[PDB]
């Protein structure tokens, strides 16, 4: 096939349109590149091995396109958070639509492609993190463990210090990033399972931490 076992790739989630860093575990066919890629996601072990349609797997992004090399009409992979456009989000494919540089800002606008429809004229915040989309056949396969893209969003208060105290992005009681963490639905603040007891993630669609009742 195009992509071999153990090869590092990006796999697209067909619901949200985002591409995720993943790795090829097994390759099977159905009946020509209409094959099935069995990928495990780098930082989502809980999802185990997912099956991907070949149209949704490409070689792992590696090459950054500098602001000065960005041309309008160019189709790239960049970071956007459609629910919070001022924050970091996930990795989507976009056609660059407009650039404006003034004394104070470099302004990148592009049409972000989501799950089904597109999202015209988005103001891209992360201008120094635009990836070239690897083309099939061209370019080498990624076989050595690569550096990680940053995906969001970011705790403004702990600055994602993946080694620090945080009564926000982590347990509102402690903060320990210590699969089965559960979250308020009024405050949106996260809680553990322990911090009275528990057993096996409730039926109920909603569920609560004391300060919002």
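Positions refer to the first chain, counted from 1.
**Student:** Between residue 16 and residue 17, what class does the number of missing deposited residues fall in: none, 1 to 3, 4 to 9, or 10 or more?
**Tutor:** Gap between residue 16 and residue 17: none.
**Student:** Unmodelled residues of the deposited sequence between residue 31 and residue 32: none, 1 to 3, 4 to 9, or 10 or more?
**Tutor:** Gap between residue 31 and residue 32: 4 to 9 unmodelled residues.
**Student:** Per the record, averaged over C-alpha atoms, which has the higher B-factor: 113-121 or 139-147?
**Tutor:** Taking the mean B-factor of the alpha carbons in each, 113-121 is higher.
**Student:** Regarding 65-73 and 166-174, which shows the higher C-alpha temperature factor on average in the entry?
**Tutor:** Looking at the recorded C-alpha B-factors, 166-174 comes out higher on average.
**Student:** Between 54, 154, 47, 51, where does the Cα B-factor run highest in the record?
**Tutor:** Comparing C-alpha B-factors across 54, 154, 47, 51, the maximum falls on 154.
**Student:** Could you tell me which third, lowest, middle or highest, the C-alpha B-factor of residue 180 occupies within its chain?
**Tutor:** Middle third of the chain for residue 180's C-alpha B-factor.
**Student:** Taking the chain's C-alpha temperature factors as the reference, tell me which third residue 206 falls into: lowest, middle or highest.
**Tutor:** Ranked within chain, residue 206 CA B lands in the middle tercile.
**Student:** Looking at the temperature factor on the CA atom of residue 159, which third of the chain's modelled residues does it land in?
**Tutor:** According to the entry, residue 159 has a C-alpha B-factor in the chain's highest third.
**Student:** When the modelled residues of the chain are sorted by Cα temperature factor, does residue 59 land in the lowest, middle or highest third?
**Tutor:** Within its chain, residue 59 is a lowest-third residue by C-alpha B-factor, going by the deposited values.
**Student:** Relative to the other modelled residues of the same chain, rank the CA B-factor of residue 189 and answer lowest, middle or highest third.
**Tutor:** Tercile = highest for this residue's CA B-factor.
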